[PDB]
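One structure is given here, and the rest of the page talks about it.
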Amino acid sequence: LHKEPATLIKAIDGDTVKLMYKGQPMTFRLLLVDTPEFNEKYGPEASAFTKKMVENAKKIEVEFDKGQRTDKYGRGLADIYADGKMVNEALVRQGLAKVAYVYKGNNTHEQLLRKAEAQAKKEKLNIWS
Ligand SMILES: Cc1cn([C@H]2C[C@H](OP(=O)(O)O)[C@@H](COP(=O)(O)O)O2)c(=O)[nH]c1=O
Ligand SMILES: [Ca+2]
């Protein structure tokens with residue numbers, strides 16, 4: 001899998017970010033995770049966590065997986081990195097997202113994310129408390 005360059009346009013919520021990718025604005029939905037909606041418990045924390053992570057980054061990178069690249073809403077589906085750190089993983093490690101929406105073809109980092117979710121669960125972090 002390849003890391004491609006992109007630049008923050010705007011933080012959206014826990015698992016969606018607007019980025020400029022190949023010179024075009026686009027909404028990215030984070031692969032393999034599900035954060036609570038802003039209106040739900042831990043929703044504001046997950047939005048704040050992703051925000052701080054994408055806004056503090058010197059470098060944002062987008063990585064597509066081996067299946068579908070855009071969903072039925074036209075959102076890009078990707079792993080997002082912030083100065084080398086995967087946002088998808090970091091959210092699950094902190095108990096602010098569940099592993100979810102696992103479809104074959106687009107699950108390269110599945111095991112990694114489950115592994116984070118187990119430690120979060122062990123620590124009773126956030127969603128698991
Ligand atoms: C993460 C992800 C979501 N989706 C779609 C399925 C869901 O459809 P429905 O909207 O029909 O339920 C929706 C969930 O996104 P959200 O969690 O952002 O709402 O996005 C994909 O198709 N592939 C993906 O990899
Ligand atoms: Ca969500």
Side-chain angles (χ1 to χ4, degrees):
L1 298 199
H2 301 135
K3 285 180 206 168
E4 298 188 49
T7 80
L8 191 58
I9 294 170
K10 216 188 120 270
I12 299 164
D13 72 348
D15 57 23
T16 58
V17 63
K18 182 101 84 98
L19 307 170
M20 200 186 282
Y21 171 66
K22 291 161 133 114
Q24 306 301 329
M26 149 176 15
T27 298
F28 279 89
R29 175 65 162 80
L30 291 190
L31 278 178
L32 304 164
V33 304
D34 194 44
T35 54
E37 287 296 309
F38 181 90
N39 95 280
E40 296 162 347
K41 190 161 207 236
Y42 297 104
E45 292 70 12
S47 295
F49 180 99
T50 298
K51 192 182 206 275
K52 174 160 189 255
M53 196 173 168
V54 297
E55 276 178 3
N56 285 2
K58 261 95 214 307
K59 176 176 75 177
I60 296 312
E61 281 160 317
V62 135
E63 175 194 69
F64 299 100
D65 207 328
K66 304 169 247 282
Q68 189 77 40
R69 282 178 189 211
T70 82
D71 64 17
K72 77 224 224 271
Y73 301 101
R75 299 178 304 184
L77 300 160
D79 303 318
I80 310 301
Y81 295 75
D83 294 330
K85 292 163 97 130
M86 206 200 306
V87 178
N88 312 67
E89 187 198 359
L91 281 157
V92 175
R93 178 61 184 78
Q94 295 304 312
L96 298 170
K98 288 172 166 181
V99 177
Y101 300 104
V102 191
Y103 301 99
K104 281 32 160 79
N106 265 352
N107 71 340
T108 300
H109 295 299
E110 189 174 6
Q111 279 185 285
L112 181 80
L113 275 48
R114 290 196 186 288
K115 184 75 185 279
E117 192 181 84
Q119 264 296 80
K121 284 190 186 194
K122 216 259 206 187
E123 292 169 20
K124 262 66 160 221
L125 248 36
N126 284 312
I127 279 177
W128 313 112
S129 63

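All residue numbers in this chain count up from 1 along the given sequence. The analysis underlying the following values was restricted to heavy atoms, covering all of them including side chains, and did not include hydrogens, waters or symmetry mates. All ligand and atom numbering here is 1-based and tracks the order in the structure.
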If we set the cut-off at 4.0 Å for heavy atoms, which region of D34 has an atom near ligand 1: side chain, backbone, both, or neither?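 Looking at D34 and ligand 1, just side chain atoms fall under 4.0 Å.
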
Counting heavy atoms only, which part of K72 comes closer than 4.0 Å to ligand 1: side chain, backbone, both or neither?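 Just the side chain.
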
Angular separation of O (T35) and OD1 (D34) seen from the Ca ion (ligand 2), to 10°: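 The two atoms form an angle at the metal of about 80°.
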
Hydrophobic cluster membership, [X] vs [Y], 4.5 Å side-chain cutoff:
X    : Y   : answer
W128 : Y42 : yes
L8   : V62 : yes
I60  : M26 : yes
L112 : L32 : yes

Please determine if the Ca ion (ligand 2) has an N/O/S atom from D13 lying under 3.0 Å away. no

Could you tell me the residue and atom name of the protein heavy atom closest to [atom], and the distance to it rounded to 0.1 Å?
atom                    : result
atom 7 (C) of ligand 1  : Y101 CE2, 3.9 Å
atom 17 (O) of ligand 1 : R29 NH2, 2.8 Å
atom 6 (C) of ligand 1  : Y103 OH, 3.6 Å
atom 22 (O) of ligand 1 : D71 CB, 3.8 Å
atom 24 (C) of ligand 1 : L77 CD2, 3.5 Å

Please check if a non-hydrogen protein atom sits closer than 4.0 Å to atom 11 (O) of ligand 1. yes

Does [X], backbone or side chain, put an N or O under 3.5 Å from an N or O of ligand 1?
X   : answer
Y73 : yes
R75 : yes
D15 : no

Using the salt bridge (charged side-chain N to carboxylate O under 4.0 Å, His left out) rule, pick out the option among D34, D79, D71 that qualifies with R29.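 Passing option: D34.
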
Do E123 and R93 sit within salt-bridge range, that is, some charged N less than 4.0 Å from a carboxylate O?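 A salt bridge is present here (some side-chain N lies under 4.0 Å from a carboxylate O).
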
Side-chain (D13) to main-chain (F38) donor-acceptor, under 3.5 angstrom: no

Check whether any side-chain N or O of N126 sits under 3.5 Å from a backbone N or O of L96 as a donor-acceptor pair, and report yes or no.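 Judged by distance alone, no pair lies under 3.5 Å.
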
Just wondering, are more than 12 heavy atoms of other shown residues or ligands nearer than 6.0 Å to OH in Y21?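 Yes - once you tally the heavy atoms of other residues, nucleotides and ligands closer than 6.0 Å, there are more than 12.
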
Nearest to the Ca ion (ligand 2), which N, O or S atom of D15 do we find?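 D15's closest N, O or S atom to the Ca ion (ligand 2) is named OD2.
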
